[PDB]
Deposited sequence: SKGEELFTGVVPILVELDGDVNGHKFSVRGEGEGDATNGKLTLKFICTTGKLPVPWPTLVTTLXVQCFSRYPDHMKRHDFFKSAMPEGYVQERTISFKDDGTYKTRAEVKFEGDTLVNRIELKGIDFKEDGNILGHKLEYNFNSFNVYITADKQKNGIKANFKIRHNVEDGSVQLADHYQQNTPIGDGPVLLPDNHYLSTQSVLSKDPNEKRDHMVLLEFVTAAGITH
């Protein structure tokens, strides 16, 4: 595709999230860069409103699947780069088992040379002193295949997948993800055959950063064809 040409080389990234979980309002801003040729992303996120009222790991999935490395024989199945530069809308419902739900809506698009992810997040029905609002999750992120399928009727894609957040006592907090993406622009996009994305993620801290924050390194590849 012509949109793929925008991801040769290193691309700067900006992420903006405005959030409300059980009435706790917050904002996150992230910056960094992406190298789709190697499937590599490096970002630093800051909570600009003070302390994050939820664990950082619970926002990883919400906080740019266009930086996935598609091998040569699968280039024609890359919807995400296909929609660029005009971009796509990404919406999810994330259901935390025995706890609350996030609903997210993002626009992912180029603004000049920068790939921008602007997100609104609303969370409801979280338990005070549950794993989320009680901050009981380990600072890490487990890797599992995310299966992508075409959504012909919306000219886009969908995905449903399960994230398992490790809990401080050795238990597991399931977060069921339901995802739909659709192009912002008109003009042709690539609708894929079934395949998957695989991401390996490292969460860390900048020792000089005083604000509540997350440093994130990811390596993402597509396979399954």
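Next on the checklist: Comparing the deposited sequence against the modelled residues, what ranges come up empty for C-alpha?
Outcome noted: Holes in the chain trace, numbered from 1: 64, 227 to 228.
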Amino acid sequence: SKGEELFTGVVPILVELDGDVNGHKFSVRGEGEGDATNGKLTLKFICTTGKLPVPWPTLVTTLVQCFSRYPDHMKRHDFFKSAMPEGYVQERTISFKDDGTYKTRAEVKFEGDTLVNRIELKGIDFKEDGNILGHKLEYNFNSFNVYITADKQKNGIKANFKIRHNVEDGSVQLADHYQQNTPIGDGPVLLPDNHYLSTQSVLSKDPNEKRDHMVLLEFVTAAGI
From here on, numbers count along this sequence of modelled residues.
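Next on the checklist: Per the record, averaged over C-alpha atoms, which has the higher B-factor: 151 to 159 or 116 to 124?
Outcome noted: 151 to 159 has the higher mean C-alpha B-factor.
Item to check | Segment of higher mean CA temperature factor, 54 to 62 or 175 to 183 | outcome: Higher of the two, by average CA B-factor, is 175 to 183.
Item to check | Largest Cα B-factor, entry values, listed residues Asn142, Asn145, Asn131, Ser82 | outcome: Top of the list by C-alpha B-factor: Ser82.
Checklist entry - From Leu190, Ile46, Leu43, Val167, which pick has the Cα B-factor that tops the rest in the entry? => result Among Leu190, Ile46, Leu43, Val167, the PDB entry lists the largest C-alpha B-factor for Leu190.
Next on the checklist: For the chain shown, is the CA B-factor of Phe110 in the lowest, middle or highest third of its modelled residues?
Outcome noted: Its C-alpha B-factor belongs to the highest third of this chain's values.
Next on the checklist: Test of reading the entry: by CA B factor among the chain's modelled residues, which third contains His77?
Outcome noted: Top third by C-alpha B-factor.
Next on the checklist: Is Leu217 in the lowest, middle or highest third of its chain when residues are ranked by C-alpha B-factor?
Outcome noted: Lowest third.
Next on the checklist: Ranking the modelled residues of this chain by C-alpha B-factor as given in the entry, is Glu91 in the lowest, middle or highest third?
Outcome noted: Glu91: CA B-factor falls in the middle third of its chain.
Next on the checklist: Could you place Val10 in the lowest, middle or highest third of its chain by Cα temperature factor, using the values in the record?
Outcome noted: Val10: CA B-factor falls in the highest third of its chain.
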